[PDB]
file input_24.pdb (PDB, N, CA and C atoms and all ligand atoms)
ATOM      1  N   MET P   1      99.158 109.958 159.284
ATOM      2  CA  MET P   1      99.555 109.462 157.972
ATOM      3  C   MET P   1      98.309 109.044 157.132
ATOM      4  N   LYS P   2      98.255 109.740 155.996
ATOM      5  CA  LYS P   2      97.162 109.531 155.042
ATOM      6  C   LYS P   2      97.376 108.241 154.233
ATOM      7  N   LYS P   3      96.245 107.657 153.925
ATOM      8  CA  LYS P   3      96.184 106.646 152.858
ATOM      9  C   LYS P   3      96.229 107.256 151.447
ATOM     10  N   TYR P   4      96.785 106.509 150.531
ATOM     11  CA  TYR P   4      96.877 106.883 149.105
ATOM     12  C   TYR P   4      96.234 105.789 148.265
ATOM     13  N   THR P   5      95.616 106.193 147.195
ATOM     14  CA  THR P   5      95.003 105.181 146.313
ATOM     15  C   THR P   5      95.680 105.172 144.949
ATOM     16  N   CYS P   6      95.877 103.991 144.404
ATOM     17  CA  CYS P   6      96.319 103.867 143.009
ATOM     18  C   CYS P   6      95.108 104.198 142.103
ATOM     19  N   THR P   7      95.212 105.248 141.313
ATOM     20  CA  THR P   7      94.045 105.689 140.502
ATOM     21  C   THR P   7      93.817 104.820 139.240
ATOM     22  N   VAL P   8      94.775 103.963 138.982
ATOM     23  CA  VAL P   8      94.651 102.999 137.893
ATOM     24  C   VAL P   8      93.876 101.727 138.290
ATOM     25  N   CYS P   9      94.152 101.130 139.442
ATOM     26  CA  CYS P   9      93.512  99.866 139.833
ATOM     27  C   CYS P   9      92.701  99.963 141.159
ATOM     28  N   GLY P  10      92.836 101.004 141.968
ATOM     29  CA  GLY P  10      92.069 101.076 143.214
ATOM     30  C   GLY P  10      92.799 100.519 144.457
ATOM     31  N   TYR P  11      93.980  99.928 144.307
ATOM     32  CA  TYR P  11      94.788  99.556 145.476
ATOM     33  C   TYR P  11      94.991 100.750 146.423
ATOM     34  N   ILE P  12      94.855 100.458 147.692
ATOM     35  CA  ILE P  12      95.054 101.490 148.715
ATOM     36  C   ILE P  12      96.335 101.206 149.521
ATOM     37  N   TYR P  13      97.226 102.168 149.473
ATOM     38  CA  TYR P  13      98.413 102.106 150.342
ATOM     39  C   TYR P  13      97.991 102.636 151.728
ATOM     40  N   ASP P  14      98.130 101.772 152.714
ATOM     41  CA  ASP P  14      97.886 102.110 154.099
ATOM     42  C   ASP P  14      99.175 102.113 154.894
ATOM     43  N   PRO P  15      99.578 103.316 155.280
ATOM     44  CA  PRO P  15     100.870 103.487 155.941
ATOM     45  C   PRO P  15     100.996 102.660 157.226
ATOM     46  N   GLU P  16      99.904 102.247 157.851
ATOM     47  CA  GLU P  16      99.996 101.336 159.006
ATOM     48  C   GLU P  16     100.494  99.945 158.716
ATOM     49  N   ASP P  17     100.182  99.529 157.516
ATOM     50  CA  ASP P  17     100.536  98.213 157.038
ATOM     51  C   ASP P  17     101.858  98.182 156.238
ATOM     52  N   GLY P  18     102.141  99.295 155.571
ATOM     53  CA  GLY P  18     103.244  99.364 154.582
ATOM     54  C   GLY P  18     103.012  98.478 153.334
ATOM     55  N   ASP P  19     104.120  98.077 152.757
ATOM     56  CA  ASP P  19     104.160  97.065 151.714
ATOM     57  C   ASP P  19     105.439  96.244 151.910
ATOM     58  N   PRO P  20     105.481  95.474 153.017
ATOM     59  CA  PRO P  20     106.760  94.896 153.506
ATOM     60  C   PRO P  20     107.465  93.948 152.541
ATOM     61  N   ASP P  21     106.680  93.211 151.774
ATOM     62  CA  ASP P  21     107.274  92.336 150.761
ATOM     63  C   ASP P  21     107.989  92.982 149.546
ATOM     64  N   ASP P  22     107.762  94.263 149.440
ATOM     65  CA  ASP P  22     108.520  95.121 148.551
ATOM     66  C   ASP P  22     109.429  96.125 149.242
ATOM     67  N   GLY P  23     109.682  95.859 150.502
ATOM     68  CA  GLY P  23     110.647  96.639 151.263
ATOM     69  C   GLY P  23     110.155  97.944 151.883
ATOM     70  N   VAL P  24     108.845  98.124 151.939
ATOM     71  CA  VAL P  24     108.243  99.337 152.508
ATOM     72  C   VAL P  24     107.625  98.984 153.850
ATOM     73  N   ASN P  25     108.348  99.341 154.877
ATOM     74  CA  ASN P  25     107.952  98.878 156.217
ATOM     75  C   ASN P  25     106.692  99.584 156.724
ATOM     76  N   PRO P  26     105.941  98.937 157.643
ATOM     77  CA  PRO P  26     104.831  99.629 158.364
ATOM     78  C   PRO P  26     105.340 100.926 158.985
ATOM     79  N   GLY P  27     104.509 101.939 158.880
ATOM     80  CA  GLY P  27     104.860 103.307 159.289
ATOM     81  C   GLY P  27     105.546 104.248 158.293
ATOM     82  N   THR P  28     105.658 103.808 157.064
ATOM     83  CA  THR P  28     106.321 104.658 156.065
ATOM     84  C   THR P  28     105.240 105.519 155.388
ATOM     85  N   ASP P  29     105.403 106.815 155.548
ATOM     86  CA  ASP P  29     104.507 107.779 154.865
ATOM     87  C   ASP P  29     104.745 107.568 153.367
ATOM     88  N   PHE P  30     103.703 107.785 152.591
ATOM     89  CA  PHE P  30     103.812 107.683 151.131
ATOM     90  C   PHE P  30     104.962 108.485 150.504
ATOM     91  N   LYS P  31     105.141 109.715 150.951
ATOM     92  CA  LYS P  31     106.211 110.540 150.375
ATOM     93  C   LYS P  31     107.638 109.990 150.654
ATOM     94  N   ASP P  32     107.783 109.135 151.659
ATOM     95  CA  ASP P  32     109.074 108.495 151.937
ATOM     96  C   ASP P  32     109.263 107.115 151.352
ATOM     97  N   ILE P  33     108.274 106.618 150.634
ATOM     98  CA  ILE P  33     108.468 105.421 149.837
ATOM     99  C   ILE P  33     109.435 105.719 148.700
ATOM    100  N   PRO P  34     110.462 104.887 148.479
ATOM    101  CA  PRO P  34     111.410 105.121 147.382
ATOM    102  C   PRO P  34     110.683 105.292 146.038
ATOM    103  N   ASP P  35     111.131 106.293 145.313
ATOM    104  CA  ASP P  35     110.413 106.727 144.112
ATOM    105  C   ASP P  35     110.388 105.749 142.926
ATOM    106  N   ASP P  36     111.083 104.640 143.022
ATOM    107  CA  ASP P  36     110.963 103.607 141.995
ATOM    108  C   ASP P  36     109.964 102.508 142.391
ATOM    109  N   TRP P  37     109.311 102.615 143.538
ATOM    110  CA  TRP P  37     108.270 101.661 143.964
ATOM    111  C   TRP P  37     107.050 101.752 143.027
ATOM    112  N   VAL P  38     106.434 100.619 142.811
ATOM    113  CA  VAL P  38     105.242 100.571 141.959
ATOM    114  C   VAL P  38     104.097  99.850 142.676
ATOM    115  N   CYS P  39     102.881 100.192 142.254
ATOM    116  CA  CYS P  39     101.662  99.557 142.781
ATOM    117  C   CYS P  39     101.799  98.024 142.698
ATOM    118  N   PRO P  40     101.676  97.372 143.871
ATOM    119  CA  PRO P  40     101.808  95.901 143.987
ATOM    120  C   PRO P  40     100.796  95.137 143.102
ATOM    121  N   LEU P  41      99.638  95.706 142.859
ATOM    122  CA  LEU P  41      98.592  94.997 142.107
ATOM    123  C   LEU P  41      98.744  95.241 140.588
ATOM    124  N   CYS P  42      98.965  96.483 140.175
ATOM    125  CA  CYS P  42      98.967  96.783 138.725
ATOM    126  C   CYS P  42     100.310  97.241 138.126
ATOM    127  N   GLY P  43     101.295  97.533 138.969
ATOM    128  CA  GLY P  43     102.629  97.872 138.474
ATOM    129  C   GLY P  43     102.870  99.315 137.992
ATOM    130  N   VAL P  44     101.927 100.245 138.136
ATOM    131  CA  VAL P  44     102.148 101.653 137.790
ATOM    132  C   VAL P  44     102.930 102.363 138.913
ATOM    133  N   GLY P  45     103.590 103.435 138.507
ATOM    134  CA  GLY P  45     104.410 104.252 139.421
ATOM    135  C   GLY P  45     103.572 105.091 140.427
ATOM    136  N   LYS P  46     104.329 105.699 141.344
ATOM    137  CA  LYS P  46     103.748 106.590 142.372
ATOM    138  C   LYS P  46     102.961 107.817 141.857
ATOM    139  N   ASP P  47     103.352 108.289 140.669
ATOM    140  CA  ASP P  47     102.730 109.452 140.052
ATOM    141  C   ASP P  47     101.256 109.202 139.656
ATOM    142  N   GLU P  48     100.777 107.952 139.691
ATOM    143  CA  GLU P  48      99.330 107.700 139.512
ATOM    144  C   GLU P  48      98.571 107.472 140.796
ATOM    145  N   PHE P  49      99.188 107.736 141.920
ATOM    146  CA  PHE P  49      98.498 107.679 143.222
ATOM    147  C   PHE P  49      97.985 109.087 143.576
ATOM    148  N   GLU P  50      96.933 109.081 144.381
ATOM    149  CA  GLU P  50      96.367 110.306 145.011
ATOM    150  C   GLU P  50      96.090 110.042 146.508
ATOM    151  N   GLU P  51      96.276 111.077 147.313
ATOM    152  CA  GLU P  51      95.909 111.126 148.728
ATOM    153  C   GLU P  51      94.390 110.924 148.831
ATOM    154  N   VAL P  52      94.127 110.069 149.794
ATOM    155  CA  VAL P  52      92.762 109.849 150.277
ATOM    156  C   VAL P  52      92.508 110.963 151.368
ATOM    157  N   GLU P  53      91.802 112.066 151.063
ATOM    158  CA  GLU P  53      91.266 113.125 152.014
ATOM    159  C   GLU P  53      89.760 112.681 152.091
ATOM    160  N   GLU P  54      89.288 112.835 153.323
ATOM    161  CA  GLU P  54      87.874 112.584 153.641
ATOM    162  C   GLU P  54      87.296 113.602 154.650
TER     163      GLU P  54
HETATM  164 FE    FE J   1      97.461  99.911 140.939
END

call {"tool": "encode", "arguments": {"input": "input_24.pdb", "output": "structure tokens"}}
result
Amino acid sequence: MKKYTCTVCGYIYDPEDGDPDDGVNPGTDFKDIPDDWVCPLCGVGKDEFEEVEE
């Protein structure tokens, strides 16, 4: 499971951690996060995130 970055503020979604306080449990791949979820830090939608490839 890849990490994704919010391209607006730099927040990194790490699938190991999830975003549990917004209902996204540890182990949830980015593509399975409900599509109305927004960046916890800046509030933009999923469409401004990009996969972290390295
Ligand atoms: Fe953000």

call {"tool": "residues_near_ligand", "arguments": {"input": "input_24.pdb", "ligand": "ligand FE 1 (chain J)", "cutoff": "5 Å", "atoms": "all atoms listed in the file", "output": "list in words"}}
result
residues 6, 8, 9, 10, 11, 39, 41, 42 and 43 of chain P

call {"tool": "resolve_selection", "arguments": {"input": "input_24.pdb", "expression": "the PyMOL selection byres (((chain P and resi 48) around 7) and not hetatm)", "output": "list in words"}}
result
residues 5, 6, 7, 8, 44, 45, 46, 47, 49 and 50 of chain P

call {"tool": "atom_distance", "arguments": {"input": "input_24.pdb", "atom1": "atom C of residue P:35", "atom2": "atom CA of residue P:53"}}
result
22.4 Å

call {"tool": "select_by_dssp", "arguments": {"input": "input_24.pdb", "residues": "chain P", "states": "helix (DSSP H, G or I)", "output": "ChimeraX atom specification"}}
result
/P:20-22,30-32,46-48

call {"tool": "select_by_dssp", "arguments": {"input": "input_24.pdb", "residues": "chain P", "states": "strand (DSSP E)", "output": "VMD selection string"}}
result
chain P and resid 4 to 6 12 to 13 49 to 51

call {"tool": "residues_around", "arguments": {"input": "input_24.pdb", "residues": "stretch 15-19 of chain P", "least_positions_apart": "6", "cutoff": "9 Å", "atoms": "only C-alpha atoms", "output": "list in words"}}
result
residues 1, 2, 3, 4, 25, 26, 27, 28, 29, 30 and 40 of chain P

call {"tool": "atom_distance", "arguments": {"input": "input_24.pdb", "atom1": "atom C of residue P:54", "atom2": "atom C of residue P:37"}}
result
25.8 Å

call {"tool": "axis_aligned_box", "arguments": {"input": "input_24.pdb", "around": "stretch 24-35 of chain P", "padding_each_side": "6 Å", "output": "JSON"}}
result
{"center_x": 107.6, "center_y": 104.3, "center_z": 151.1, "size_x": 19.7, "size_y": 24.4, "size_z": 28.4}

call {"tool": "build_atoms", "arguments": {"input": "input_24.pdb", "residues": "stretch 3-14 of chain P", "atoms": "N, CA, C and O atoms", "output": "mmCIF file, in the coordinates of the input"}}
result
data_model
loop_
_atom_site.group_PDB
_atom_site.id
_atom_site.type_symbol
_atom_site.label_atom_id
_atom_site.label_comp_id
_atom_site.auth_asym_id
_atom_site.auth_seq_id
_atom_site.Cartn_x
_atom_site.Cartn_y
_atom_site.Cartn_z
ATOM 1 N N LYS P 3 96.245 107.657 153.925
ATOM 2 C CA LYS P 3 96.184 106.646 152.858
ATOM 3 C C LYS P 3 96.229 107.256 151.447
ATOM 4 O O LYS P 3 95.859 108.414 151.207
ATOM 5 N N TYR P 4 96.785 106.509 150.531
ATOM 6 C CA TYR P 4 96.877 106.883 149.105
ATOM 7 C C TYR P 4 96.234 105.789 148.265
ATOM 8 O O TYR P 4 96.454 104.579 148.495
ATOM 9 N N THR P 5 95.616 106.193 147.195
ATOM 10 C CA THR P 5 95.003 105.181 146.313
ATOM 11 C C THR P 5 95.680 105.172 144.949
ATOM 12 O O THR P 5 95.963 106.254 144.388
ATOM 13 N N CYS P 6 95.877 103.991 144.404
ATOM 14 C CA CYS P 6 96.319 103.867 143.009
ATOM 15 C C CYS P 6 95.108 104.198 142.103
ATOM 16 O O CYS P 6 94.088 103.484 142.120
ATOM 17 N N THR P 7 95.212 105.248 141.313
ATOM 18 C CA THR P 7 94.045 105.689 140.502
ATOM 19 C C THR P 7 93.817 104.820 139.240
ATOM 20 O O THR P 7 92.723 104.924 138.625
ATOM 21 N N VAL P 8 94.775 103.963 138.982
ATOM 22 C CA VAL P 8 94.651 102.999 137.893
ATOM 23 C C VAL P 8 93.876 101.727 138.290
ATOM 24 O O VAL P 8 92.965 101.378 137.531
ATOM 25 N N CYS P 9 94.152 101.130 139.442
ATOM 26 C CA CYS P 9 93.512 99.866 139.833
ATOM 27 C C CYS P 9 92.701 99.963 141.159
ATOM 28 O O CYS P 9 91.866 99.087 141.389
ATOM 29 N N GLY P 10 92.836 101.004 141.968
ATOM 30 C CA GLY P 10 92.069 101.076 143.214
ATOM 31 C C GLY P 10 92.799 100.519 144.457
ATOM 32 O O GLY P 10 92.271 100.651 145.568
ATOM 33 N N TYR P 11 93.980 99.928 144.307
ATOM 34 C CA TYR P 11 94.788 99.556 145.476
ATOM 35 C C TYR P 11 94.991 100.750 146.423
ATOM 36 O O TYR P 11 95.211 101.906 146.019
ATOM 37 N N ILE P 12 94.855 100.458 147.692
ATOM 38 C CA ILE P 12 95.054 101.490 148.715
ATOM 39 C C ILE P 12 96.335 101.206 149.521
ATOM 40 O O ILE P 12 96.561 100.097 150.035
ATOM 41 N N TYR P 13 97.226 102.168 149.473
ATOM 42 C CA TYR P 13 98.413 102.106 150.342
ATOM 43 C C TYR P 13 97.991 102.636 151.728
ATOM 44 O O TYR P 13 97.546 103.785 151.876
ATOM 45 N N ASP P 14 98.130 101.772 152.714
ATOM 46 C CA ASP P 14 97.886 102.110 154.099
ATOM 47 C C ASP P 14 99.175 102.113 154.894
ATOM 48 O O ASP P 14 99.854 101.072 154.995
#
